[PDB]
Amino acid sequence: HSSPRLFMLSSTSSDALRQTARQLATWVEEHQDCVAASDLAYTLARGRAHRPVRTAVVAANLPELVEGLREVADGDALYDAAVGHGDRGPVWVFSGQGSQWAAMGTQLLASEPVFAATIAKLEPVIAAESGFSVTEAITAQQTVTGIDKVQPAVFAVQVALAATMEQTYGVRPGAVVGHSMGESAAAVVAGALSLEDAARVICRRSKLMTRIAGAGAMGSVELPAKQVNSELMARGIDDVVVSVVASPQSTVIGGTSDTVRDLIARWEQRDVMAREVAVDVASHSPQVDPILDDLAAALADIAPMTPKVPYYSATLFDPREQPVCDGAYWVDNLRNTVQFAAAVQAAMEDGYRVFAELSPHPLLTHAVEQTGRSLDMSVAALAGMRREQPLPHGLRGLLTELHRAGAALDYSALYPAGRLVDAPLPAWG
């Protein structure tokens, strides 16, 4: 009962929110001996219609809440209004490799029982498939290395984050969007693959990719993909292609090592924001051709299902098309350009405004924002975790940011029961 609780507070402007904070602090101060903290937290979350400008105060006791509310009331912070209207769940974004960091899973294994249970289900599957302990990998003092260890470890964190958000925090996704290997976690969360089959796909794909380690290079360029393609055909380049289209202004190329380096040198000279990306394999390019038949054979028994959640494919040429996640789909996922911008754009055109990247560290939040900006939309692009971010209260901070942004969620998961208290009701203005 004396554990820290989350108290929701909302209004129509930052000044009105502060006025609300001051009246609530005055009320809590006067009735602290009559009100249980749990009943008040329940009333604020489930007995109030949440208004556009939201905040939350974490407190272990009522006097701690009065200090926190008065701190809000005495501040000058500009509280941004929610971009979602509580009608659609968040869009989970599952990014690719590069987000991994040393002991990335340690705090969540200790603070989130559903993260631990998910990692436990994956442990024997990844051990039989790839020959290593995913728990040792995500808790080691050194960052996971080697494509065959990185992909299963990152996928495990991604799916354990989604299961926690749904089972513990009542956050059902409105849609999912994956970027390259992120599509394995996207398929599990959408119901297109079972957890086990998705782990088989990520384990087998990354084991086969070790055979082509050292093959080619990749590069990021702050130029649109249509323009980049014109440059490759005009320059007589046939060994380098557009591998990723992440935003309307951002492109990743992939192909031979020397031509990719040559192109980056050239773009940097013309004052364009170019950079070689360290990858063991140049995916989404002809560098992956030798292993595609073996991948199709390894995934022959993968059993796809009809997605239960809108799944915006970055593999398909129409992102609104619902994938048939068989071995053929995963071969295309490895070889085809990652059409991430078009998938994000389709979800935004369909009305999704809240995006949350369920990954060890954010790789695509800036890309999501750029797509929003090109559509003249107000969107929220959240990071589920950041590198070395302390998580003593697990994923409760992500839940708070999802609530502040306006994503639809089940408030009965975090506030399962209590009595409605006669706390103040600000006017509708």
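Start at 1 with the first residue shown and count on from there.
- Across the two stretches, 135 to 143 and 323 to 331, the PDB entry reports the greater mean Cα temperature factor for 135 to 143.
- Between 150 to 158 and 73 to 81, the higher mean Cα B-factor belongs to 73 to 81.
- Per the PDB record, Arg266 has a higher Cα B-factor than any other of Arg266, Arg205, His284, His179.
- Comparing the C-alpha B-factors of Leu316, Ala234, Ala342, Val244 in the entry, the top value falls on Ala234.
- Sort the modelled residues of the chain by CA B factor and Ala56 lands in the middle third.
- When all modelled residues of the chain are sorted by CA temperature factor, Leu425 is found within the highest third.
- The PDB entry assigns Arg46 a C-alpha temperature factor belonging to the middle third of its chain's modelled residues.
- The PDB entry assigns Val221 a C-alpha temperature factor belonging to the highest third of its chain's modelled residues.
- The deposited CA B-factor of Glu183 belongs to the lowest third of values across its chain.
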